[PDB]
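A.B. asks: One structure follows; several queries about it will come next.
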Amino acid sequence: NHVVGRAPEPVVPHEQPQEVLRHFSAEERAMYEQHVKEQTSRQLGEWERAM
Amino acid sequence: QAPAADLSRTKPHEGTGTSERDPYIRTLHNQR
Amino acid sequence: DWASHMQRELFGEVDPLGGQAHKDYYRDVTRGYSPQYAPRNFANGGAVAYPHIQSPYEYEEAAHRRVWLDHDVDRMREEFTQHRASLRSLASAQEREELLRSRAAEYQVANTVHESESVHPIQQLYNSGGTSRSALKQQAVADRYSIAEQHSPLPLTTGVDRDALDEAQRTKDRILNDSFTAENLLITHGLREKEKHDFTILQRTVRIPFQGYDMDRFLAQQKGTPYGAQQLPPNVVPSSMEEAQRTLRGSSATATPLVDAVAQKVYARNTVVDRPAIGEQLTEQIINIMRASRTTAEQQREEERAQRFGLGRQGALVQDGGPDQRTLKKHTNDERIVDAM
Amino acid sequence: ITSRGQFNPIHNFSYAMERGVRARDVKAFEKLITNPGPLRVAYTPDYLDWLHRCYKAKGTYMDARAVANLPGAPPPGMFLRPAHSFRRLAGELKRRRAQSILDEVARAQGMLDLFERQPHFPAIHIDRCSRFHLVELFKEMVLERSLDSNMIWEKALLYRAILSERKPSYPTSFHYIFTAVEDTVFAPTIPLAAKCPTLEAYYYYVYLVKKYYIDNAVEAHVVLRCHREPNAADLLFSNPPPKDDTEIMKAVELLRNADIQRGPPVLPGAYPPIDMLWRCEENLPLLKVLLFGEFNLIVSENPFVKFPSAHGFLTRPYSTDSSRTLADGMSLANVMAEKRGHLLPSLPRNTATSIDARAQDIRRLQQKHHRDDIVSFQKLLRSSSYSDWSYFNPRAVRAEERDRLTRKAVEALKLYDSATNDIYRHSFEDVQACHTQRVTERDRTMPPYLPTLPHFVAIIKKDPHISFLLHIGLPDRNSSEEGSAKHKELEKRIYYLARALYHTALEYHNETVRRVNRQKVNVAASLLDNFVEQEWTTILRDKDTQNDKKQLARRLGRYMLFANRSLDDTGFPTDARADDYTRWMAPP
Amino acid sequence: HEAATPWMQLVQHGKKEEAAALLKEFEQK
Amino acid sequence: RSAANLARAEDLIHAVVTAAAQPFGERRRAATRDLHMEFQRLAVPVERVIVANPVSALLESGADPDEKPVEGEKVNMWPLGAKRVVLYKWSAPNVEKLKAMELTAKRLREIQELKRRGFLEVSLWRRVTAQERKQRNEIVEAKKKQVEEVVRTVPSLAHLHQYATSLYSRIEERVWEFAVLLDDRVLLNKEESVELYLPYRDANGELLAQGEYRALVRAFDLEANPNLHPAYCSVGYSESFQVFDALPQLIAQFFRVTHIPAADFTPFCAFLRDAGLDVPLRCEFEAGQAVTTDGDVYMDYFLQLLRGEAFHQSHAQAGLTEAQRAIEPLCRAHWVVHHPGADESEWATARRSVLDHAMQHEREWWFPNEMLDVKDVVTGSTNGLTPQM
Amino acid sequence: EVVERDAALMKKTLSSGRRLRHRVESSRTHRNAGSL
Amino acid sequence: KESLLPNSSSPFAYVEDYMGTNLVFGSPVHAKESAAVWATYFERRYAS
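In the order they appear, the protein sequences are chains A, B, C, D, E, F, G and H. Positions 669 to 719 (the entry's author numbering) are the ones given, in order, by the first sequence. Positions 50, 68 to 98 (the entry's author numbering) are the ones given, in order, by the second sequence. Positions 71 to 411 (the entry's author numbering) are the ones given, in order, by the third sequence. Positions 33 to 100, 138 to 259, 279 to 351, 395 to 514, 525 to 684, 696 to 740 (the entry's author numbering) are the ones given, in order, by the fourth sequence. Positions 163 to 191 (the entry's author numbering) are the ones given, in order, by the fifth sequence. Positions 535 to 636, 648 to 720, 748 to 828, 839 to 971 (the entry's author numbering) are the ones given, in order, by the sixth sequence. Positions 534 to 569 (the entry's author numbering) are the ones given, in order, by the seventh sequence. Positions 99 to 146 (the entry's author numbering) are the ones given, in order, by the eighth sequence.
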């Protein structure tokens, strides 16, 4: 009942924890954030298109 | 579930025993 | 707004902090040796939210990237001089604000900040704890090199000389050879079989886990994926600020190459040494001590290897019955054992 | 190449010492240090003793080298090449070039310190200077790094007020600036309005000084920066409470009465344009006192001890500071939901309560550590970087010039180090016995596939799909603006993947960092694969014979992905088994 | 290689007698 | 011995290829001169160019600022280390800005864009005396005779001569001595007056000798030619003036010498600035740091500092950055091999365009890296190029 | 002998010693300047 | 302008023996000192 047509969790491939994100450089951190945002945006968009 | 070797060419029937995917003795058959 | 605020310090020729030591700002050796935001997040727990450089080649690449951008930064300095000359002509604050916020959009200063876009609640907590999005929007100083990175030909060469690359390859080969020799020595000693038999022994004590009635439901419950089954990570007591900064500074120091580290050490020690010298003597002294440190490091490596592998002779060169007399203690590495292998 | 408390040489006596000129006594050294020109000298004994020691060390080195010991000493394992040989003379040429670069860097550092005086440069004396020496110095120092013109007038008048009205007592070495203060001509406050500033604004600045107990240029800069904004009532609350309005009004009225006989103000008016400051002789005393105050009145005390609220304005506020940023942020669960969106499930009640309790716990922890983290950081300052001292310096350096000088010095030092192996040589018999090895092309020599960034990017672009997208697959970069954007993003992703693989190859020996580097490799490969598949779909979907673009794209392969491609230390597929590779490269 | 005169083109490829003969012919003409 | 023979062979090859490259530059210069001279009639040239004294307007008490500046009509002499003002007039591309001259950020934006559109350039040409004409004629004829002997002695370099001619004919793009280049990035200005500094050394680092110097201004407009073709220019030359080093005369007059007295050191700067030479305060500041025991300033060191380039540039090399200054010889060599035969005039005309193209578009062919370059031709082959690597 | 010389030089590096540094008060607005 | 090394572009003109003794096609003084160095080395070796 709580969830009816809600999107699933946008699982991102190659998700890294904080212990790995510590060694990411500045541009590496920005690239990882760009990858995560693009992946979740694509997941949400395809769910919206399916719904 | 002495440290495991970093770059080791382990035998096809053995392993370093680090996790399930690398057990000390491999059970799954190599064939199909 | 805050983009214009950043642009103010970007155009200014003075440090935004004015030479003040700030608890949540770390002046990294990379990034132009300029202050960079290093918040100490508490959601992670006593961890400074800043990149930790581990390999010296990363620092070298950053330095070479700065050298690559040396042209763009001076061109942007000329542009900044022109913009300040134009800005001084403007009298009212509103026109200056409008010009600043136009130049902010043209220079993409707002793109300089590294937003953390995530949807997972745990990652959102980590991002919204010690260093929240609003805090990043407020205290995010931007450097000239960081600004110039947006619009510039990206580097494709790393500043590793032929000699530096040769030494790196030699170090890699030596480390790999030592690791392979140690692993093969353990194999010959049979300690690997010992640990395999210990695993077999522990297999007597271990028991079959309860996989659950519904296998997929149980596995998902472990994963935390299903709705309402998410478990917050345990809260960890943070360390002291002293240790938190000490770890990062030690990592940077270990990533500093020999030449620049010895240069900074000598120039720092020059102001306190009882007999200071001018650069003419300083260059000779630093070259001498760098060569001496190189040879000392070589000797340290060779003596560590010899001690670890039991290299060299056991006793005197000439014994009563011959030089080839060794007491092969069990589970102890030896030159005779590596040669036999 | 500079720490906090450096003593960078500013003088150039290495040009004159070889000419036979040396100082044998302290008086001779001092009269040699003294500069005949304007802005001569102002040092401290902690700098004079260092100068004398460095000079005598230079003499002991020059004489030894001339009579030649340390100068011209080959390394213990090395020998000396013959004089004026094709190798030794070139080595000495690059040695002297590196010495010249080092000396230039040191003198530039000394000039930088003089412009941003440190405790080893107490003050600057401009008692005797010319009109040009005033105008050019002002334009180079203050005019250039001035975002706003009116701030210069405000600073000049405030400095003139604080130099005389507040503190008349001085070491008596600043009598000339006291004389130059009095002959500053103001405007007839009732045609000279554009020539000179008004006097009521100057008296307003005197009132500000008397009210805020302003002592130094640091507090003057703080009040000048902060009093304009509509929060000066509480932002500038001095640690000692400011005096009431009546007393300061009476004091300024007494000063006005004294000035008149020798013959509340909220905001100042519109000042004359700054360009007139350096043009008219009328403002020459005012410009001179402005430059004097700019080069002096700097103290080694942060003004934030008495201006706690101004710390958050002039500098970035503390992140650990709470009740403002978190108060604006409000409900953390609400922020999470609003950034999650309406198309995703709302957070269940148990997790929302847990996350809000965690927010409160983090708030309490931050409050607890706020007071102790600040004091603990200062301990780490004592017992590295520059411009991080305990005091605030308004005219600090951007550190870009310092970094550039450091990099130039390091490069010249590398050249100097390379020089010595050209100047000196090993033993002839040593090299003769060394050449018996006859390095072999197969194994003794270094392999041709050493890990380099161009090599990695070349092997990445070698993929048929990548080459197709780079050349024909994408639309022409020069044709449409979107084509150029897509091409620059594709090449950025390719460069990122190549650099990640390069770093992995460099750190391939140790495994502690190899896994964390391979994580970046995986992320970059995933991004590249996503872009390639999207572009391949669009170039096969967009809306014929004889080998057109779509036919060639279909004729190509299935785009073997990079996210699951095996590489090891060379950019080549490994010869080890899949199990061995996946145990080598696994998340930590 | 391609823009070079045939003498240079064939002297870069190890044919030395032919290069000498071609040079002799060219200096004769 | 074999290495020496190889070095001699390489030197002979360089000489013969340079001799083969010589005529291409002359023919290209003739063609572009024809294209330029056939163009000014259609376009609008600069009618008048004059050189005036530098304005040092420091208004005294009682003087309003709105008064227009006063400048000299002409100057017959240009000191080797002085500043000057050049005045010119041009067409509507600047009268549009003269209209727009009559407090807003966007107003300054559009004004700056209109300023960016324009383009000017100033150069100096020395008239050659007949003695120098024949002195250079004999030198060049001796050099060409020597290269003829070089071709004769070895019956192999004829093939290289013909190959060089063919390669230049295949590479070259299809189509009164320059002294020094002044401000090249000078744009169209509101008052049509430009401030210029004449350096003691030219682009090649040599002092400028005695001669009659003519200021030639060439104007570019980006609307017609966006590729900055050297043929399309508005060219106008001013009257010839005399140039000489006034430093010996000034020092002799002031001192009525090796050590400048400390007490009289400061008035010497005022005397120089009155005589017209400009002496930076930084220059004097660090010139006073090398005094002797008594305090006398080393006159030769001060003169070296004054004629140095770090403190004050010529407004042409000032626009060029340190990276362009470092890679400039490489760009020069590539330019002279792409255009066979070239000199300072064409290099100065195409100075900043090729440098910006190289340091902006390519940025990688030039800007030498740390592992593919040799910092010393006598040390690189041994130290930095170990046979292992 | 070479490594012995290098070790001796390394010892000499840390065998430098401190230096007696003079201190000048700076509490007032003016930075006090002293001569030799 | 004038330099100690010749104004030659080919490094084959600048090639030098490892000991720095280029007694062939070198400068007169350079050849003299190279011969002196060789004489000293060989006299020491033959004396030993």
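Ideal placement from N, C-alpha and C gives every residue a C-beta, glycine not left out.
Would you grab the beta carbon distance between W624(F) and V580(F) for me? Rounded to a whole angstrom, and I think it's under 8 Å.
C.D. replies: Confirmed, Cβ separation roughly 6 Å.
A.B. asks: Excluding the 5 residues preceding and the 5 following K207(C) in the sequence, name in chain order all residues of the same chain whose CB lies nearer than 8 Å to its CB.
C.D. replies: So the list reads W72 and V183, once near-sequence residues are dropped.
A.B. asks: So what's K631(F) in DSSP terms, helix, strand or just coil?
C.D. replies: If DSSP states are grouped into helix, strand and coil, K631(F) belongs with the helices.
A.B. asks: Using a Cβ-Cβ cutoff of less than 7 Å, which residues in the same chain neighbour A376(C) once the five nearest sequence positions on both sides are dropped?
C.D. replies: Excluding sequence neighbours, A376(C) sits near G382.
A.B. asks: Can you give the Cα-Cα distance for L289(C) and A367(C), rounded to whole angstroms?
C.D. replies: Distance between the alpha carbons of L289(C) and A367(C) is about 52 Å.
A.B. asks: Against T903(F), what residues of chain C qualify as contacts under a CB-to-CB distance less than 7 Å, listed in chain order?
C.D. replies: The contacting residues are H141, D144 and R145.
A.B. asks: Run through the DSSP bridge pairs and tell me what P105(C) is partnered with.
C.D. replies: Paired residues: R97(C).
A.B. asks: Tell me whether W948(F) sits in a helix, a strand or coil according to DSSP, three-state version.
C.D. replies: Reduced to three states, the DSSP call for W948(F) is coil.
A.B. asks: If the cut-off is 9 Å on Cβ atoms, which residues from the stretch 544-573 of chain D count as contacting chain H, listed in chain order?
C.D. replies: So the close ones are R566, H567, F569 and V572.
A.B. asks: From the DSSP output, in three-state form, read off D568(F) for me.
C.D. replies: DSSP places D568(F) in helix when its eight states are reduced to three.
A.B. asks: Return no unless some Cβ of chain B is closer than 7 Å to the Cβ of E652(D).
C.D. replies: Judged by the 7 Å Cβ criterion, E652(D) is in contact with chain B.
A.B. asks: Could you check if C86(D) is buried or exposed, using at least 16 other CB atoms within 10 Å of its CB as the buried criterion?
C.D. replies: It counts as buried.
A.B. asks: Mapping DSSP to helix, strand and coil, what is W136(H)?
C.D. replies: If DSSP states are grouped into helix, strand and coil, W136(H) belongs with the helices.
A.B. asks: Specify, as a first and last residue, the run of the beta strand (DSSP E) that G783(F) falls within.
C.D. replies: Residues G783 to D793.
A.B. asks: Any Cβ of chain A within less than 7 Å of the Cβ of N114(C)?
C.D. replies: Chain A, which has a Cβ nearer than 7 Å to the Cβ of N114(C), makes this yes.
A.B. asks: Could you name the residues of chain C that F533(D) contacts, counting a contact when the two beta carbons are closer than 7 Å?
C.D. replies: Neighbours of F533(D) on chain C, chain order: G88, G89 and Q90.
A.B. asks: Suppose the cutoff is 6 Å on Cβ atoms and the five residues either side in sequence are ignored; what does the same chain contact list for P225(C) look like?
C.D. replies: So the qualifying residues of the chain are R135 and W138.
A.B. asks: Buried or exposed: where does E558(G) fall if 16 or more other Cβ atoms within 10 Å of its Cβ makes it buried?
C.D. replies: Classification for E558(G): exposed.
A.B. asks: Between the C-alpha atoms of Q686(A) and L169(C), what's the straight-line distance to the nearest angstrom?
C.D. replies: Distance between the alpha carbons of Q686(A) and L169(C): 40 Å.
A.B. asks: Assuming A898(F) and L779(F) are in contact, meaning their beta carbons sit under 8 Å apart, how far apart are those beta carbons, in whole angstroms?
C.D. replies: Not confirmed; about 17 Å, so no contact.
A.B. asks: According to DSSP, simplified to helix, strand and coil, what is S107(H)?
C.D. replies: Note: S107(H) maps to coil in three-state DSSP.
A.B. asks: Closest by CA to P105(C), which one among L149(D), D544(D), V53(D) and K338(D)?
C.D. replies: With distances taken between Cα atoms, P105(C) lies closest to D544(D).
A.B. asks: How about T848(F): is its C-beta nearer than 7 Å to some C-beta of chain C?
C.D. replies: No, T848(F) lies away from the interface with chain C (no Cβ there is under 7 Å from its Cβ).
A.B. asks: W82(D): buried (16+ other C-beta within 10 angstroms of its C-beta) or exposed?
C.D. replies: Classification for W82(D): buried.
A.B. asks: Going along chain F, which residues have a C-beta under 7 Å from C411(D)?
C.D. replies: Those within 7 Å of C411(D) in chain F are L593 and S595.
A.B. asks: Check whether chain A comes within 7 Å of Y228(D), counting only Cβ atoms and requiring the distance to be less than that.
C.D. replies: Chain A contact via Cβ: absent.
A.B. asks: If we ignore side chains and look at the alpha-carbon of each, how far apart do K762(F) and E658(F) end up?
C.D. replies: Near 14 Å, if we compare the C-alpha coordinates of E658(F) and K762(F).
A.B. asks: With DSSP collapsed to three states, give me the class of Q273(C).
C.D. replies: Correct three-state label for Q273(C): helix.
A.B. asks: Check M941(F) in the structure and name its three-state DSSP category.
C.D. replies: Of the three classes helix, strand and coil, the one that applies to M941(F) here is helix, per DSSP.
A.B. asks: Which residues does DSSP list as the beta-bridge partners of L318(C)?
C.D. replies: None; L318(C) has no bridge partner.
A.B. asks: If you measure from the beta carbon of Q351(C) to each beta carbon in chain D, is any gap under 7 Å?
C.D. replies: Closer than 7 Å: yes.
A.B. asks: Could you tell me how far apart the beta carbons of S450(D) and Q209(C) are, in whole angstroms, since I believe they sit closer than 8 Å?
C.D. replies: Indeed, because the Cβ distance is near 6 Å, the residues count as touching under 8 Å.
A.B. asks: Any chance the stretch 665-672 of chain D sits against the stretch 708-720 of chain D, with 3 or more Cβ pairs inside 8 Å?
C.D. replies: At 8 Å Cβ cutoff, the stretches touch.
A.B. asks: Residues in the stretch 147-180 of chain D with C-beta within 9 Å of chain H's C-beta atoms, listed in sequence order?
C.D. replies: Against chain H - using a Cβ distance shorter than 9 Å - the residues of the stretch 147-180 of chain D are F148, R150, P151, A152, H153, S154, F155, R156, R157, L158, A159 and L162.
A.B. asks: Taking 7 Å as the cut-off, decide whether the C-beta atoms of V179(C) and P678(A) are in contact.
C.D. replies: No. Outside cutoff.
A.B. asks: Is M147(D) closer than 7 Å to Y565(D) when the C-beta atoms are compared?
C.D. replies: The answer is yes: Cβ separation under 7 Å.
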